[PDB]
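Engineer: got a sequence here, can you model it:
(chains A, B, C, D, E and F)
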Amino acid sequence: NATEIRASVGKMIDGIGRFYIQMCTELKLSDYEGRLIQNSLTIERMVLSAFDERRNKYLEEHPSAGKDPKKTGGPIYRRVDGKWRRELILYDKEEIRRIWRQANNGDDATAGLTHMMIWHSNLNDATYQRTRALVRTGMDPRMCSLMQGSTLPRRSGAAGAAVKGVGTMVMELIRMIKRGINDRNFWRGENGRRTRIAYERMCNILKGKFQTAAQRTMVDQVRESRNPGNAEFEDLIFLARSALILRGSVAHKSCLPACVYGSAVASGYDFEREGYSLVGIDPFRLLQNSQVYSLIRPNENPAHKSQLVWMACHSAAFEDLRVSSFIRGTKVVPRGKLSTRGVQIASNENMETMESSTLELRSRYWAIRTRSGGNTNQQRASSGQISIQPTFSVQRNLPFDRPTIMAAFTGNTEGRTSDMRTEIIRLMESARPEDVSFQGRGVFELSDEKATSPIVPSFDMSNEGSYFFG
Amino acid sequence: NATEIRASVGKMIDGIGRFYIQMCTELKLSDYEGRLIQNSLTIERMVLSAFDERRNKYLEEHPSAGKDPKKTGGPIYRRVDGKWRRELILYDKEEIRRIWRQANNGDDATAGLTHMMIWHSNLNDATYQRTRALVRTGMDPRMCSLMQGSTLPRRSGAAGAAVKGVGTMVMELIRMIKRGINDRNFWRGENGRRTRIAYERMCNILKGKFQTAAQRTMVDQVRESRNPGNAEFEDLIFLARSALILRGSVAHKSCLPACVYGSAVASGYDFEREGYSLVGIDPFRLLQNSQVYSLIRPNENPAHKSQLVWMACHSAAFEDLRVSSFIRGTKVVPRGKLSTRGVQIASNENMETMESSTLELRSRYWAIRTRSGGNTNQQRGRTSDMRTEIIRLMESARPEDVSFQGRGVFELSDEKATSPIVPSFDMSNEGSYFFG
Amino acid sequence: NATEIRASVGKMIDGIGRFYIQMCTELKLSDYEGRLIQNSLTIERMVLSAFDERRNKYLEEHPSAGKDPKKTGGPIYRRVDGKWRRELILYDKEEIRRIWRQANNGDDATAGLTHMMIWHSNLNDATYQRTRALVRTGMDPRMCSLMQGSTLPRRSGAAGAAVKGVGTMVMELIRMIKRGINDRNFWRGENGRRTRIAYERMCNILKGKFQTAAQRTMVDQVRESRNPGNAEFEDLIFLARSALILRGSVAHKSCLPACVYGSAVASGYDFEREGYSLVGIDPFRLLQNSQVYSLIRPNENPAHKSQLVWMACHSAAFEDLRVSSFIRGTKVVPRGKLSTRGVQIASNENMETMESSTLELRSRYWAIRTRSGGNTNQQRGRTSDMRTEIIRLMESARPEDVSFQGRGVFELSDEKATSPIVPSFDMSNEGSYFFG
Amino acid sequence: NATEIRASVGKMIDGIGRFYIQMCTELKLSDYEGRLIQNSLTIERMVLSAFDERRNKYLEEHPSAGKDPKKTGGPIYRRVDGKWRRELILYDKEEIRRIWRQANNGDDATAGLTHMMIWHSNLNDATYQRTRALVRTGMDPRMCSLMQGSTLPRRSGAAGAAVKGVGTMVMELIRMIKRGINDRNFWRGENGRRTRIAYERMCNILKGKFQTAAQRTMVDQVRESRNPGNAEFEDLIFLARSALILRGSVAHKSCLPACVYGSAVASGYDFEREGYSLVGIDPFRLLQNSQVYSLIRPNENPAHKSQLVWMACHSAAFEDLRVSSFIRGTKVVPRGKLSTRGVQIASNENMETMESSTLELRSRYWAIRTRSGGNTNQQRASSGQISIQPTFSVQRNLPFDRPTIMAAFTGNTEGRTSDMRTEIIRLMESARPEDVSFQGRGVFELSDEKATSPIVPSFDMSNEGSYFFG
RNA sequence: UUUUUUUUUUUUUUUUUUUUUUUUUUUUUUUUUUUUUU
RNA sequence: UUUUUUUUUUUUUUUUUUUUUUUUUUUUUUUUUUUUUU
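Structural biologist: Residues are numbered from 1 along each chain as shown, chains lettered A, B, ... in the order given. Next comes the structure:
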């Protein structure tokens, strides 16, 4: 059944919106100031810093960074008669802990935490990607497309684990492998057992993320190595560059600004009654009647800022630019010529230059965002009969495809990497930049609610560039 | 004696044909509409839904799917002056239960049920095979050839059990093994005892299906595991890939469209008097003078549709294409380039595009279809030790060994199996593989 | 080096004796009342009930048994002018926890806990053995000799694990096996993982306890069963009846009454300076000048009570009676004709009949008690194949093979193990069997 | 816990007593006629004939015995001004079925059925025992003492199965064995499977009933025979004559007349509140203030009739006469010189001779009736150590009891009967007619309620005869 | 030179027993009565 | 001469995918900034 999931997510987002309402009440902010992305961003880093129970425990025993008992940051932006001023207001965690507890009807609301931290990961992926760490581990900077959910820490649950990219897991596992290579950390102690456990948990997350059997089997065999040394490093680099084309089925969770939920809840649009969804039309129509204000530099233009905000909201920064333009209806400028900077404001930037203005989020169309893969990346081995059965009793040969019959019969010793790299190469050669994917699905219009009739898009606009970076 | 079996099957098919006659009388259909495969198909799903006593009991306690007290589906296709229209006419089970009871002279006619459900399994195997479930259990999609009788549920008897393929049994047993692995279901309760019983019944069906002693012995030893866990999974996968070449002696029951029997019975050809057979010339000669109409899409061609219908009728979709072409006399196109779709029509397809036309079922020759294996097999502690002999037998096996010595393809004019003609194909590598 | 171990055990027993001194100070008992075994026994059950942190946690969530917040029992026996009276004085755990903490110089003193709980196990084995549980698991009552350390719970450490008998481990493992057979308890959850872990810990304790390679290998192979069912039950019963003769190298820890340590510490005999040992002459010479008073029934005789107390102190209740008589110098009466009862007094017994008197602990000789096996062993796919060598070794075994070559019984006057005297018994069949 | 069992049995007997009250209301009987055993006896055969669902199904397809649609018997005895008259009033089952259903608050009350049918078995065992069938199977008439619960049919549950004697099970199993010998009835059909199942159910009931390991093991090995022929017949006869001395732990359920419960319930003594027990003081004190009237022949004396009724009530007809006399306080006459007949009245006996009078049920003492065995029938094998452990390191022999060491080491082939008959004979020879049993337990006085202090009985009255038959 | 882990109710009236356990149906029997007779 | 058993929610939009899944903590990092520098 799907009604229960819809009711649960509706209750969750209703609690989130009511917490936004109460923060607006408590902060004594104006109507316009309640529609600012920066305030929600700072408040949500406060949120994560209050539920980072592991870091809370680590910092209680580590009283450093000067005045840091329980309070961090808090750069609240406020308006005086047109001008803007930032105040470093410090909030302790504990009162906000109870205000959450009262906001979700006595519950912890950790799922909502996962969605906000994923949405921060989405905005981070949209704004800046780290080739710095990608080459710190030595991997080439060609794979920036697989840094989805990179900023997400381990503390997130299965829902958070679903949206993390393959490359994010590759980076996380290489970190552990390098740490275990630097020092003899895999001893029979509890630390070794726990890092072992986290390792197989991350690995079965990985093998769940993939779709074709060959990569699942080679991930299974990578596990066989009880002592991760150097060979597994290139083994999993080969895994990553195979997933470049044999991409994993990674979900795309549609989270929206802290305000958008608050404005919707304040108007009385209860999500429990009519139901809510995270993949369907829902986050699209809530943005159809949502007003958002944002802060812009004197050199920054708002036109690219709105598009980057739409990137962050719908996590479409790693998608084809042409498709995003089609749903937008307007051309989406790649990051090469974006005359804008990061959404977050540096702590040293002055305030006389800063100017607030609206953001455009309206899109002409809407589409479903499933956690599936392309329908043109399944070119491996073969598909058909191997044996025959005699139906008529006729004196005839029984055709047997012998060379594949030996291939099926082996020993299953669960040990090999290059031998499967051979099928990786074969499949890559079979792959083409022409194979059309997602057959049977299309882009839909806003006026339709039950997915009745789509329109098939068709682009012949040469080589405008389907590459957000470079 | 064989006369009694012939008389029994003749009486059964006579009752089936008379039931077809009475449904034609009751439905007020025209002569052409009585020769449509779709009507018989829908009526026979009604048939199975009326004798699915287990599902009847399960659905009486489960009133769901909206308006479903006793009536399901019923998309009857009718002609108005050339055009076609579907009506969703709902029939309850019980009256058709009594009409059967009167159609078989007071008997239940469960054997006929088995043959119709097998014929549905034959058409399903001809049209679509499920690698979906084959990889849901994780088995590779290379073994689509052993999905014979896959759609057949357990309710069929020994006659139904004979025609189910080895791979069908492998899938059914792996389903039970995975269910017993997910939860501790093998307790000393009645459910565990009954699933145990069904397990040995399916297993001695399996060991009866095989021919060589090694696989029979390893199936015997697979039984010795009182707690089916993970090792038996690969054990029986090895059994399956051994049966790929060491094939089991599975029968091929020759059932024909619901109409073909009805037209034959209506003309007065009593099968009890002259006798009837399910393996011999009989279903061949009844199709020699049978007229069949079918529904075809505006893009579908009837030429491949007739060949696919012959596949479904004679269950030759898993055989060599060359042999089927020889009996046909015309080339049989493999499924790779069939510009056609499934025989059954989707519930949402429009009717202005649909067009009805004849089907060709005439074949130049006829052959016996025994439940034997290739002559190549006659020419030739745990499970792994026997896997060793499996491997050496596989190595001894060759793609050259000719089978079925002493038997041949026959002509239509002969009735007593007097003199055959030996076929000989040297036409390179046209492709003896229906899939791929 | 052995000096560090001697210093550690000396410090431990010094702390124990000082705790005895302080309890004597706090309880306001007389000099005679401080030499009573019953008071020390009750105080030491208080000790175990205060460090049973597992049971403390289990009872804090389970407030039952009426008035049981933190206090249990406490039947202190006191003298009025010759007569005796018991008072049910209740002591809470926590203050005694801190008094221990101050008694061991800020340390927990868990090792001392292990030795006191082992000494309770020694007295329990000396007094009463449970064929009740031995036949509750169905094992025959012939193996009462392998119930050493049976009362010891799991909470003890490696030192406690060393002295537990083979049969005690057999009983503990069969309990877990029967619990896992009754319900599907071996799931992938944390409980299954932890019981698994405890299982291999108890099993490598077992295989460490044995000496011959065959039984170690069969214990190794018993481990290979991931699902302990019924076959392992008889497998480990065969292991036990093989250990009947192929006995395991189990230690014998020489703990002494709560008072004996207190009297020695009170007199100023510091054990840290001169060193202390648990296997050598030490516990023998401390009893050479120790006075002990005990409570005796009007029908009980003190002569057998002193011998039973010596059994409990030196854990010689499972040894040959002849040898114990030789070290005693007087005949040791077997349990068949002991006109005495258990040392502990029932909660309902009256006090007018109870009479206090001295106990004799002096022994003419002393001997080393190593954790080795008889020299007879040095003279000599599944479980059944190794059971074959078990049977042939049993047949090779004889009731004549003399053991412990090169070692002998020593005199008290010698301190450095200079010259022993070889004993020799030809006194027919007096009976080398404490039970029966 | 024992409170729940007490509450359940109290509710059950309260329902039984209320059904007795309603039958007294419906039958229009007088106060004296409601204290007659015969009326309750006939009504309770009506009870069993109404819940004998198996026989109901068998007789619906078998309309014989003349007028027998739903009604059987019903010889109700009534008083006219001192004289007595029997009326053959026929009651159908179904209305009494619903009256039960309303009497137990909507429940079937099958447990109460088991207790009434056991109490009928108790009275039958007290009155008449069948050496007729005992020699029909050919077994000697010396074992009449093991016919406890003989009349009980299979339909009773575990509670009914507990009180059936060892000899009753022997007779029931020999019946099945002779039936399977007469015809090839053990085929692979459903009938063979079901009789097989009933066979192991009766056999594990048997092995649960015994106490010593040898007989349990030989019962286990008797099971090994898949085809019960002739050898098992003498095998289980040997089992029976071994159980003659190695008696099985068979319970003694204390059921009382149909009226006694009704009179107690009518007076308002609710058993749910104060609790009820079936083994303790309870059935004793209810008889301390119970009045019972009974029918007696002109030649029968009431003095022996009261004692026989006490036999039937407390199922002490198979016990020592001396002990029963001690609890009675008066001498109990053995069946050899009882100038009385069966309690039930023959259908042809005239009514002018029949006379009604009181029955004495008062007993001077009370005792617990546990389902245990004698503490002097445990003389088998030996008890003591077999091995020794070296405590001191002394150069000495290790005494091993070798001939028993071989005895323990065998093969466990689960096949033998005479070899264990050898230990049967050895144990029988070790057994003595002097061994005192039931140590630590004694006879109690009525005034005590919590089992405080007993008095030890002691009989030196020569050989009065501890044998009810003969 | 070898070591403090916790998972839903037990035990000191005492020394080898005693203890939260259950409605299945297959071809003709039985209340003249208590150990024979069919 | 070889045979009608029933156990808690599936399937005809279509031909080889798509679907009721979850808060763990171990010795010093990061919002001056967007792909280097430590």
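
Engineer: only C-alpha atoms from now on, for both contacts and neighbour counts.
Structural biologist: Will do.

Engineer: can you pull the contacts of the residue with the largest distance to the centre of chain A?
Structural biologist: For chain A, the largest distance from the centre (Cα atoms, centre = their mean) belongs to residue A:395, which lies 61.3 Å off. Residue A:395 makes contact with B:402, B:403, B:404, B:405, B:406, B:407, B:408, B:422, B:423, according to Cα atoms under 8 Å, 6 or more residues apart in numbering or on different chains.

Engineer: again, only this time at 10 Å
Structural biologist: Residues in contact with residue A:395, defined by Cα atoms under 10 Å, 6 or more residues apart in numbering or on different chains, are B:323, B:374-375, B:402-409, B:422-424.

Engineer: do the same with residue A:250
Structural biologist: With contact taken as Cα under 10 Å, 6+ apart, residue A:250 is in contact with A:148, A:161-166, A:206, A:208-210, A:370-373.

Engineer: enumerate the residues of the stretch 51-200 of chain A near RNA strand F.
Structural biologist: Residues of the stretch 51-200 of chain A found near RNA strand F (Cα under 7 Å from any atom of the strand) are A:54, A:57-58, A:62, A:110-111, A:114, A:128, A:130-132, A:154-162, A:191.

Engineer: again with the stretch 251-400 of chain A
Structural biologist: Proximity of the stretch 251-400 of chain A to RNA strand F, by Cα under 7 Å from any atom of the strand, involves residues A:342, A:344, A:345, A:346, A:347, A:348, A:349, A:370, A:371, A:372, A:375.

Engineer: for the residues you listed, which one is nearest RNA strand E?
Structural biologist: RNA strand E lies nearest to residue A:371 out of these, by Cα to the nearest atom of the strand, at 39.5 Å.

Engineer: so that closest one lies in a strand, does it not?
Structural biologist: No. Per DSSP: H, G, I helix; E, B strand; the rest coil, residue A:371 lies outside any strand segment and is coil.

Engineer: can you report how many residues lie near it?
Structural biologist: Residue neighbour count, defined by other Cα atoms under 10 Å in any protein chain shown, stands at 15 for residue A:371.

Engineer: surely residue A:269 is in contact with residue A:13?
Structural biologist: No. Counting by Cα atoms under 10 Å, residue A:269 does not reach residue A:13; the two are 11.1 Å apart.

Engineer: need the residues touching each of those two.
Structural biologist: residue A:261.

Engineer: what about residue A:276, how many neighbours?
Structural biologist: Neighbours around residue A:276, by other Cα under 10 Å: 23.

Engineer: excluding chain neighbours, what is closest to residue A:44?
Structural biologist: Leaving aside its chain neighbours, residue A:44 sits nearest to residue A:116 (7.4 Å; criterion: Cα to Cα, 6 or more residues apart in numbering or on different chains).

Engineer: okay, buried residues for the helix or strand harbouring that neighbour please.
Structural biologist: Element membership for residue A:116, per DSSP states H and E: helix A:110-127. Buried positions in helix A:110-127, judged by neighbour count with 16 or more other Cα atoms under 10 Å in any protein chain shown: A:111-127.

Engineer: ok, now stretch A:56-70?
Structural biologist: By 16+ other Cα under 10 Å, the buried positions in stretch A:56-70 come out as residue A:70.

Engineer: what do you get for stretch A:33-41?
Structural biologist: Buried residues in stretch A:33-41, counting neighbours by 16+ other Cα under 10 Å, are found at A:33, A:34, A:35, A:36, A:37, A:38, A:39, A:40, A:41.

Engineer: between those residues, which is nearest RNA strand F?
Structural biologist: Each of these was scored against RNA strand F by Cα to the nearest atom of the strand, and residue A:41 proved nearest at 11.4 Å.

Engineer: could you find the closest non-adjacent residue to that closest one?
Structural biologist: Once flanking residues are discounted, residue A:41 sits nearest to residue A:258: 7.6 Å by Cα to Cα, 6+ apart.

Engineer: OK, contacts around the one you found?
Structural biologist: Neighbouring residues of residue A:258 by Cα under 10 Å, 6+ apart: A:16-17, A:19-20, A:34-41, A:43-44, A:116, A:119.

Engineer: please flag which of those residues sit within helices.
Structural biologist: Counting by DSSP state H, those place A:16-17, A:19-20, A:37-41, A:43-44, A:116, A:119 in helices.

Engineer: when residue A:269 and residue A:13 are compared, which one has more neighbours?
Structural biologist: Legend: neighbour count by other Cα under 10 Å for residue A:269 and residue A:13, higher for residue A:13 (22 against 13).

Engineer: now the more buried one: how far from chain D?
Structural biologist: Residue A:13 sits 50 Å away from chain D, going by Cα to the nearest Cα, to the nearest Å.

Engineer: from what I see, that residue and residue A:265 are in contact.
Structural biologist: Yes. Using Cα under 10 Å, residue A:13 is in contact with residue A:265, at 8.5 Å.

Engineer: what do those two both touch?
Structural biologist: Both residue A:13 and residue A:265 are contacted by A:19, A:271, under the criterion Cα under 10 Å, 6+ apart.

Engineer: the strands in chain A, which residues?
Structural biologist: With DSSP state E, the ranges of strands along chain A come out as A:75-80, A:83-88, A:293-296, A:355-358, A:365-366, A:444-445.

Engineer: hmm, back to that, now render the buried residues of stretch A:33-41 as a markdown table, adding distance to RNA strand E.
Structural biologist: Putting the buried residues of stretch A:33-41 into a markdown table (distance: Cα to the nearest atom of the strand, whole Å) gives the following:
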| residue | distance to RNA strand E |
| --- | --- |
| A:33 | 53 |
| A:34 | 50 |
| A:35 | 51 |
| A:36 | 51 |
| A:37 | 48 |
| A:38 | 48 |
| A:39 | 47 |
| A:40 | 44 |
| A:41 | 43 |
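
Engineer: among these, which two are most distant?
Structural biologist: Among the buried residues of stretch A:33-41, the pair separated by the greatest distance (Cα to Cα) is A:33 and A:41, at 12.9 Å.

Engineer: name the residues contacting each of the two.
Structural biologist: Between them, residue A:33 and residue A:41 share these contacting residues under Cα under 10 Å, 6+ apart: residue A:76.

Engineer: show me where the stretch 351-470 of chain A has its helices.
Structural biologist: For the stretch 351-470 of chain A, applying DSSP state H, counting those that start in this stretch gives helices covering A:402-408, A:418-430.

Engineer: give the other helices and strands that the longest one contacts.
Structural biologist: In this case it means helix A:418-430. Other helices and strands packing on helix A:418-430, by 3 or more Cα pairs under 10 Å, 6 or more residues apart in numbering or on different chains; DSSP states H and E, are helix A:213-223, helix A:231-243.

Engineer: okay, angle between the longest one and helix A:418-430 too, please.
Structural biologist: Right, helix A:231-243. 20 degrees (axes from the mean of the first three to the mean of the last three Cα atoms, to 10 degrees).

Engineer: output helix A:231-243 as CSV, nothing but the C-alphas.
Structural biologist: Output in CSV follows, covering the C-alpha atoms of helix A:231-243 (Å, rounded to 0.1, in the frame of the first residue of the first chain):
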residue,chain,number,x,y,z
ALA,A,231,45.1,-4.2,-5.3
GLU,A,232,41.6,-3.5,-4.1
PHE,A,233,42.3,0.2,-4.7
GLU,A,234,42.6,-0.1,-8.5
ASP,A,235,39.9,-2.9,-8.4
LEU,A,236,37.4,-0.4,-7.0
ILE,A,237,38.7,2.4,-9.3
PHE,A,238,37.9,0.0,-12.2
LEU,A,239,34.5,-0.5,-10.5
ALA,A,240,34.0,3.3,-10.5
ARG,A,241,35.0,3.8,-14.1
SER,A,242,32.7,0.9,-15.1
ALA,A,243,29.9,2.6,-13.2
